[PDB]
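Report on the structure given below.
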RNA sequence: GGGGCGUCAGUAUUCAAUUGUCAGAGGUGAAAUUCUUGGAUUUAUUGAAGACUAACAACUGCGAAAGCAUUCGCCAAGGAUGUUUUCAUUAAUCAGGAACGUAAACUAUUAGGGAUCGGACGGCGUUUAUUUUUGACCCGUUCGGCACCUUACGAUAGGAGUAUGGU
């Protein structure tokens, strides 16, 4: 009654994307700890980029 | 509200009596050309009107009304857990019923009153003392309907159960319906229940206790007659008919004693199988189910060694 | 499965989709695509014409699938509707908002934002409010982590912002205003004129609310359409 | 294809799948979780939203719009400002039983200063 | 983001209206009270009321404390800096006195350094800058202050068990 089954199997017409901004110390930590997050998000199927110039994470 | 004539031997059905009454929705209708009409209410305006008067009874909505066969007392039910009894002619109040736990939904007069309430209980009250004479449990929701016999009680748990108050214990339960159950009729002469759901199903039940009582009584008649004929057969020695009857009536002790004597009659037929050609004939003309039950008894008597 | 209602409440249900009916929407001039969708509404008859209902309603659509450009995935717009034809529903501008996700995306610590709200009257007697938001620039080749501006600089920057927005919104009409709002010229000119007092990281117009419309000029409306 | 906008009001207590036209005024169909599950404790279940989204998607494809813009919200005044398991499992069941998804937006009412 | 007065907005909450509504909604560990075909909750658009000013928001800023964060306008005050500005003890301290006003619950230097904000001076240069202004970024000098760490320069400030006998 409460259990969530894992989704077994194009459900997106408009390529959706979200963004967030962060400061510099977070940029340092996020840059040397990013590849874990992008491996897991690629496993789920979501392209994630980090921008150390502007300081912005984007998922799409 | 309105009042209609039915004409059975014509296609005429008119609404020739009408009543405006009060401003909310009329709740229930009670009838003792007819005498008069007593109308309930969604508000607290109970009214009484004749055919070619107001009162305030409860606080919440009122639910159900009923008239005696003679038309002298009058009870009203409401969701503020009170039953209000009063006189049908004047404006007086003959008393007040003290309380049913959650809120009374239906009332009934006994051809002594009955109350089916919001909680999973149902009470039988009296006029003389205004005390609940009997109480009953067993439902799973509201009850919404109590109907006398010649009582049965619905629930909102798709279950209608009939019993009798003088005993006080549940007699029979009926579960034809889907989700809900609202009402119940009864033939004025015999016992016919009409249970309708909030689903579209309406089932009709008839009494069967008398029919199964006569059937079981006739079974008792033939049982004692055939048992005495078996005892006569044993005492006479007509082993063939005794075996036939014991196989029809199923008691294996007497069956086994008869079989022991027919195995040892002390004077056997030479070309018989078990000693008597009659017993060979019945064992030949055995039907299949009798062969099977004989195989069961034979398994047991073979388990023993004597 | 089992019902729970009170006694006598569930009436007879009626199919509404008999008297429900469709209407193609049409967008105004300066957007790239005119067909924006369809509107289901009650059927017209006496006793409250669907003409009155459709004059009542408003719509909200996104600039992404208006301009066919995923760059304007934010900056959603709101369209009133005043006209109706046979199976067609002409629309007119009403408002412009962002996404709350976009605002949360834009806020950042150790840099300050300045807001400004102006009440401008365009040529067509439309009173409207423009709320613009501007985030402070972090200058390349700096070591100091906090890019804070003094309150005098912030008030002067908001004063310049009010001046620029009013000067470039009180000279033109509403169609010219939204033809300005689509490619974001106003934030560009704000940045260009305010970078001398303090550089701004980005200047957006986060809200545009039309308050009062005083006219019903179907000539101008069909001129747009 | 016709886009219809579905407001998923997903509280911690109940779930509301609501389908309207692009105006937001003309309600096509709504199905909650409490009207599909008997237990008030289980009223906010991912199972409740799964049944609700199946019913809603069946209705809106029987109408034949097959494309939804999704707006998710939560109790935003003094509540939690975060959606529910209703929201997540409802979106999953929807785009599993059809329903080409267009624009997703988490439109919750966020107060500037509440109390 | 010192105070006072007015003014401007932003949402949200509550209330109300209109429209689409069609069986629950609301809690809670679970319930219930309650509101609910005269249509709740919900969806969309408005209007009114009262409140507060999210994110920005800090090992920051301000005021003597308590305290102070929407925009703008007015009113006075206040701090720091600079001066090629004055009077020259007017000073410091506090008896007495005067103005401001549900809680608690783990606790003459230190000798520099790196931050920080407010002035002021400077100047290799990037950017405003269509080129002078000017402002932003960098760095150096000099006052002032909110705090960090390091250094001290030092200092100094009955309880629990077990018995016995009475009341």
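The translational diffusion coefficient of chain B, from Stokes-Einstein at 4 °C and 1.567 mPa s with a Kirkwood hydrodynamic radius over alpha carbon pairs, comes to 52 µm²/s.
Counting, for every residue in C:99-111, the Cβ atoms of other protein chains within 10 Å of its Cβ and taking the mean gives 4.
Against the 2.2 N^0.38 Å scaling, with N counting residues, where does the protein assembly as shown land? I'd like the Cα-based Rg ratio to two decimal places. Mind dumping the intermediate values first?
Details: Rg = 41.9 Å, N = 706, 2.2 N^0.38 = 26.6 Å.
It is 1.57.
The modelled label-to-label distance for the pair residue C:68/residue C:123, using points 7 Å beyond Cα in the direction of Cβ, is 3.0 nm. Mean per-residue shielding of peptide C:38-47 is 3, counting Cβ atoms of other chains within 10 Å of each Cβ. When only alpha carbons of chain C are considered, Rg and Dmax amount to 22.8, 77 Å.
Just to be sure I understand: if I project the alpha-carbon convex hull of the stretch B:171-246 onto a plane and average over all orientations, what area do I get in nm²? Please report the intermediate quantities before stating the final value.
Values: hull surface 32.5 nm².
One quarter of the hull surface, i.e. the mean projection, equals 8.1 nm².
Per the Kirkwood treatment, what hydrodynamic radius in Å, one decimal, follows for chain D from the mean inverse distance over all distinct Cα pairs? Show your work: numbers first, answer last.
Details: mean 1/r = 0.0713 Å⁻¹.
When all Cα pairs of chain D are included, the Kirkwood radius is 14.0 Å.
Here the label points at residue C:109 and residue C:179, each 7 Å from Cα along the C-beta direction, are separated by 4.6 nm in the simple model. Calculate, in whole percent, how much of the Cα-Cα pair population of the stretch B:24-156 lies beyond 20 Å. Tail of the P(r) past 20 Å holds 41 percent of the pairs. Built from the Cα atoms of the stretch C:166-215, the convex hull projects on average onto 4.2 nm², one quarter of its surface area. The Cα atoms of the stretch B:1-40 cover 36, 20, 12 Å along the three principal axes, with the biggest extent listed first.
Shown for the stretch B:102-257 is the translational diffusion coefficient from the Stokes-Einstein equation, using the Kirkwood radius over Cα pairs, a temperature of 37 °C and a viscosity of 0.692 mPa s: 174 µm²/s. In this simple spin-label approximation, residue B:218 and residue C:163 carry label points 7 Å from Cα along the Cα→Cβ vector, and these lie 11.5 nm apart. Shielding by partners for peptide D:101-108, expressed as the average number of C-beta atoms from other protein chains within 10 Å of each residue's C-beta, is 6.
For the pair the stretch C:76-107 / the stretch A:30-51, the C-alpha centres are spaced 34 Å from each other.
Once the Cβ-Cβ distance of residue D:58 and residue C:49 is raised to the sixth power relative to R0 = 35 Å, the FRET efficiency obtained is 0.60.
The stretch D:1-73 and the stretch B:4-58 have Cα centres separated by 45 Å.
Compactness ratio for chain A: Cα radius of gyration over 2.2 N^0.38 Å (N = residue count) comes to 1.41.
Each value in this text was obtained by applying a stated rule to the coordinates, not by laboratory testing. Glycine also receives a Cβ, built like all others from the backbone with ideal geometry; neighbour counts cover every protein chain displayed.
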